[PDB]
């Protein structure tokens, strides 16, 4: 049978910042209060984000203890690594424990682990740290997916599908854990694209249990992963770049990232849904990585999506911000929850078929086709 999502959970650091308060706090903590023009430029970014609040392990106290993180280009990788390398598997464990509990099985039945993060690399990696913190079997088969950015929430589903379907009895724990430690920095007039990231990026972790052939007596399916594709967008080279440097992770954008994704999205829909015989994009349910808001506005107008097709996706953005790879898994969690609260006929807002989109560097589009589960 098909790879099936058997449990979903999430976790965020307790520290929460209201987006309406952030331009003032950010410019205060980075000693930029005199940059009056820049501050109001940042305020519009935050207000245009449609983010309400964001969770951040980074506190005023931590930043005062690591002041080079407050400069735009301070030598600070070591300080960022020291923080994030511990936080990433810590927040990951918080989500994993909840997913394993929903699943209701002993964690000794987990045969595989996919860990995914762009928040800091180490040897051994976060996969090893999670294995040890959780007490998973030492023989757990681990895949460590490092630094793939905001499309990796779909990448982990693509990987899980092949892992679980090719190994009878396999049960895969997926954990995405992301934070702003490597990217947080002070503002600068000549790096507006970095400023965009300070308005959008947030912390979060999501965890999944995936397996083929559920045991209906003990396990409850939420979605089936039917297919998973990945493509690079023509002429998009260099549109989004993230560099790991002495000053941490530096983000570099070209002008028209939304135009690339909207102009190419239907190709991915066609390629994925032609084998299912589906051509009407309002007849499927949608999960789309929301961390670039103009991407979703332009996709929805280009395709003529009904205005609420993307409500779940934009709601996670509103409540949590751009948590990179974790976002689409947060959105799956909410969608199945909302559908149960409202009595919908399926976990896919009453519809049988859905698409999950990951967007990120390379310009890459990950396209996962999902099948809902009844009531």
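Positions refer to the first chain, counted from 1. So that the term is clear: the rigid core is the largest set of C-alpha atoms that superpose within 1.5 Å between two forms.
- Root-mean-square C-alpha deviation from the shown form, taken over all structures in 5 other deposited structures of this protein superposed by the rigid core, is larger for 250-258 than for the alternative among 97-105 and 250-258.
- In 5 other deposited structures of this protein, superposed by the rigid core, the C-alpha atoms of 269-277 lie farther from the shown form than the other of 175-183 and 269-277.
- Set 182-190 against 76-84 and average the Cα temperature factors; 182-190 ends up higher.
- The deposited model assigns a higher average Cα B-factor to 216-224 than to the other stretch when 216-224 and 87-95 are compared.
- Taking the PDB entry at face value, the top CA B factor among 209, 272, 233, 305 belongs to 305.
- Taking only the listed residues 361, 358, 14, 354, the entry reports the highest CA temperature factor at 14.
- The PDB entry assigns residue 127 a C-alpha temperature factor belonging to the lowest third of its chain's modelled residues.
- Residue 373: CA B factor in the middle third of modelled residues in this chain (values from the PDB entry).
- In this PDB entry, the Cα temperature factor of residue 323 sits in the middle third of its chain's modelled residues.
- Sort the modelled residues of the chain by CA B factor and residue 266 lands in the middle third.
- In this PDB entry, the Cα temperature factor of residue 104 sits in the middle third of its chain's modelled residues.
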